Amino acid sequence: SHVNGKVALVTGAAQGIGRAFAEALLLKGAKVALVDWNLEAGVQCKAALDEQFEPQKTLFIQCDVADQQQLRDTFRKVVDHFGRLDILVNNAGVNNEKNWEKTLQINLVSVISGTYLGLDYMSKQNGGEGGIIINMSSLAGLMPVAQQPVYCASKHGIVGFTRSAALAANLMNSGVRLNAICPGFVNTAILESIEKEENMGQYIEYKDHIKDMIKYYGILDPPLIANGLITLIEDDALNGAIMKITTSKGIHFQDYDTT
């Protein structure tokens, strides 16, 4: 009943972890707006979901989340079409240390923009019913990566932002909980980007160190990450939680020594 009948918006939903989230949420009874900048992947994804689940339970919107006008229009569309917003998953992201400025815009700036749009629609102080926002970070949000310093920067920023916005929500009595998920390696297109100079820039020569870490720890499949998302949504005690998901230690929250 925490998911059933709710409306979710998932960015980066065309493939990888985003699609896995959409499938898990549809199975739990949600309506899902799939939001992605890749029109062709998006159409393929919705067409496949339309075979499994009911067509009216999904909407596909093409949107570059880093474009604030497109993002604002996307939100408006979702709420017009489904009549409310209950669950926001800021999941879109890239790996690109060469055009690292753009990586920050997609990975960090867009998570903040999306979060604040979600709060605009969902906060009880703005006429909403409350809700949950889940931001995708990474284990790279908690630990350093020599070959991906700007990705690391962006994923650390998501952690700081989400912990902070969760405390602000309590203060503002918005009735919105904000949590983040920090997966280890997951079997998606993004893993392939480490092979590419276009993505790695000056770090390409050291790509094998990442490969050795992959070998060391192993790779999750997207559907296992989705279980984690469902836990966050179902447990309404969870606010400001940083959920780690790895093969080595499972599903565990980050502990912090706060004052």
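Residue numbers run from 1 along the displayed sequence.
Averaged over CA atoms, B-factors in the entry run higher in 194-202 than in the other of 194-202 and 38-46. Two stretches are in play, 119-127 and 103-111, and the higher mean C-alpha B-factor belongs to 119-127.
Note on the listed residues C152, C182, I134, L171: the highest Cα temperature factor in the record is that of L171. Note on the listed residues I17, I245, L25, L238: the highest Cα temperature factor in the record is that of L238. Ranked against the other modelled residues of its chain, the C-alpha B-factor of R163 as given in the entry falls in the lowest third.
Sort the chain's modelled residues by C-alpha temperature factor and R84 lands in the highest third, per the entry. Per the PDB record, residue ranking by Cα B-factor puts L224 in the highest third of the chain. For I233, the recorded CA B-factor ranks within the highest third of the chain. Only modelled residues enter the ranking.
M143: CA B factor in the middle third of modelled residues in this chain (values from the PDB entry).
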